[PDB]
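Just below is one structure, and these are the notes that go with it.
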Number of protein chains: 2
Amino acid sequence: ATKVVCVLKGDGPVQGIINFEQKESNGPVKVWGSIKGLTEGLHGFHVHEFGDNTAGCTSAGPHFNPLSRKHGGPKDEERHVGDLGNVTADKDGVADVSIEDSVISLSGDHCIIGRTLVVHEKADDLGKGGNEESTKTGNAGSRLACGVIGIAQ
Amino acid sequence: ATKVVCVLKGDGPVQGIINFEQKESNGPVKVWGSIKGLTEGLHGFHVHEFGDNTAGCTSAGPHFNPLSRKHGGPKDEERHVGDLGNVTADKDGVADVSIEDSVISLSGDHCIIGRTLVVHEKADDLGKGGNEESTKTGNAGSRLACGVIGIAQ
Ligand SMILES: *[Se]c1ccccc1C(=O)NCc1ccc(Cl)cc1
Ligand SMILES: *[Se]c1ccccc1C(=O)NCc1ccc(Cl)cc1
Ligand SMILES: [Zn+2]
Ligand SMILES: [Zn+2]
Ligand SMILES: [Zn+2]
């Protein structure tokens, strides 16, 4: 019943369309779509706090973290609301995104609408990388593409 | 105390940053910023319903119209919520945007977050143009630049 969309673009060749759908307010959000122009392997995939693209992906700020928790993977209890883990690109540089998440929402306090979806340079280590940066950003590095998360038909 | 932003980009050289700020949920929204690469004169300036830029500005859909009213100018009681009238570009193609609106909001049912801001090819006639199209789109024509309205710091 609620649908939102995000068009990912950046400075490089990284570009994608990501769809979100939530059938009930207390329910999981299905996240699906395609990103191309990635290097083979894992790329960190986060909702960032600000829907602000004024100076590219950098104005999106840190991980969307309304509950003031530490960084984790999508399937940890200890995670930022915006922690969607990694998408995986093949030798062709295509990541086929198919995620179900119960922590993000398309309504209420956990609502991601008007925030930024970012795909990262490197792998999110999901907070288990063994430095301080792991429990903040997960060491996923630079922002390759982003977009503001918007209300869909 | 609520701040949102929108980066306008399109198929052409039209580009802009537009800021929105609302001190209280019951209060007016101040809208300000700059757009460049416009032709001299009036350009229709609307919040459209969907924050969907999957196929450029066209996927934004019609005027944000949660109350099912006819098109008007910002000063009319009969207006779409998204009816922000016109911005005016000079010989230099720059529009200095300075608007105060009491109908848009950054919270509640009239909330523009996650919707699309669009600047148009032509003048919005503010519903007084004397055809049926005036009461729907205001005859402002093509979409030159748009962006999704996002949460700011
Ligand atoms: Se998303 C969200 C978070 C917190 C409070 C309210 C809301 C919300 O309901 N947003 C407005 C809206 C309107 C239509 C659609 Cl399809 C989605 C969201
Ligand atoms: Se107002 C609104 C419209 C569409 C989607 C969500 C919302 C919303 O209320 N989100 C909660 C919110 C809004 C602004 C800020 Cl700064 C924080 C949280
Ligand atoms: Zn990130
Ligand atoms: Zn995080
Ligand atoms: Zn209208």
Side-chain angles (χ1 to χ4, degrees), chain A residues 150-151 153, chain B residues 4-10 12-22 28-53 55-77 79-91 93-106 110-149:
Chain A
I151 295 159
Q153 186 177 323
Chain B
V4 297
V5 64
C6 185
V7 177
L8 300 169
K9 300 190 177 219
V14 178
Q15 85 167 245
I17 294 178
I18 302 289
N19 306 99
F20 303 73
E21 187 185 43
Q22 185 178 40
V29 181
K30 182 178 175 180
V31 182
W32 76 96
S34 177
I35 319 180
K36 61 163 203 202
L38 292 167
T39 67
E40 186 191 26
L42 274 64
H43 292 274
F45 189 60
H46 314 129
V47 179
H48 285 244
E49 191 182 355
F50 309 123
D52 188 338
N53 274 343
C57 296
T58 63
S59 44
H63 293 185
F64 179 43
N65 181 24
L67 288 184
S68 308
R69 294 184 190 222
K70 294 182 187 165
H71 182 78
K75 289 153 61 83
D76 306 326
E77 179 151 343
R79 54 171 279 182
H80 301 141
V81 166
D83 286 347
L84 299 179
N86 292 283
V87 297
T88 294
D90 61 26
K91 43 134 192 181
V94 172
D96 280 328
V97 179
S98 174
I99 290 189
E100 184 158 299
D101 196 71
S102 283
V103 175
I104 60 166
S105 189
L106 305 189
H110 296 204
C111 186
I112 57 164
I113 292 168
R115 304 196 179 273
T116 297
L117 184 64
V118 177
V119 58
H120 279 277
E121 181 199 351
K122 307 170 164 153
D124 185 338
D125 60 11
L126 302 199
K128 293 176 179 185
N131 77 353
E132 185 175 12
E133 204 47 53
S134 200
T135 84
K136 299 211 320 170
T137 71
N139 295 291
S142 152
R143 305 158 182 206
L144 299 181
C146 61
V148 183
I149 299 171

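Worth knowing before you read on, the calculation uses all heavy atoms, side chains too, and leaves out hydrogens, waters and symmetry mates. Within every chain, numbering begins at 1; the chains are lettered A, B, ... in the order of the sequence lines, protein sequences first and strands thereafter.
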Look at the side chain of [X] and the backbone N and O of [Y], then say whether any donor-acceptor pair between them is shorter than 3.5 Å.
{"X": "B/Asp83", "Y": "B/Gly72", "result": "yes"}
{"X": "B/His43", "Y": "B/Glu121", "result": "yes"}
{"X": "B/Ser134", "Y": "B/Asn131", "result": "no"}
{"X": "B/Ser59", "Y": "B/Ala55", "result": "yes"}

Spatial distance of atom [atom1] ([X]) from atom [atom2] ([Y]) [nearest 0.5 Å]:
{"X": "A/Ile151", "Y": "B/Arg115", "atom1": "CD1", "atom2": "CZ", "value": "4.0 Å"}
{"X": "B/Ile149", "Y": "B/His48", "atom1": "CD1", "atom2": "NE2", "value": "10.0 Å"}
{"X": "B/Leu42", "Y": "B/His120", "atom1": "CG", "atom2": "NE2", "value": "13.0 Å"}
{"X": "B/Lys75", "Y": "B/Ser102", "atom1": "NZ", "atom2": "OG", "value": "12.0 Å"}
{"X": "B/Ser142", "Y": "B/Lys122", "atom1": "OG", "atom2": "NZ", "value": "9.0 Å"}
{"X": "B/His71", "Y": "B/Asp124", "atom1": "NE2", "atom2": "CG", "value": "3.0 Å"}

Heavy-atom side-chain proximity of [X] to [Y] below 4.5 angstrom:
{"X": "B/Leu67", "Y": "B/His110", "result": "yes"}
{"X": "B/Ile104", "Y": "B/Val31", "result": "yes"}
{"X": "B/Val5", "Y": "B/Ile17", "result": "yes"}
{"X": "B/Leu8", "Y": "B/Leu117", "result": "yes"}
{"X": "B/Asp96", "Y": "B/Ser34", "result": "yes"}
{"X": "B/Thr116", "Y": "B/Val47", "result": "no"}
{"X": "B/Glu49", "Y": "B/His63", "result": "no"}

Least distance between heavy atoms, [X] atom then [Y] atom:
{"X": "B/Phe20", "Y": "B/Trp32", "value": "C-CZ3, 4.1 Å"}
{"X": "B/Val81", "Y": "B/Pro66", "value": "CG2-CG, 3.5 Å"}
{"X": "B/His46", "Y": "B/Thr137", "value": "CE1-O, 4.0 Å"}
{"X": "B/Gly56", "Y": "B/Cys146", "value": "C-SG, 4.4 Å"}
{"X": "B/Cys57", "Y": "B/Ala145", "value": "SG-C, 3.8 Å"}
{"X": "B/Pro74", "Y": "B/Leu126", "value": "CD-CD2, 4.3 Å"}

Quick test of your reading of the model: are B/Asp101 and B/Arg79 salt-bridged, counting only N-O distances below 4.0 Å? yes
Given the rule in the side-chain contact (heavy atoms from CB on, under 4.5 Å) test, do B/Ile35 and B/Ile18 qualify, once you have shown the distances and angles that lead to the verdict? CA-CA 8 Å; B/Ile35 319 180; B/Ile18 302 289; 3.9 Å; yes
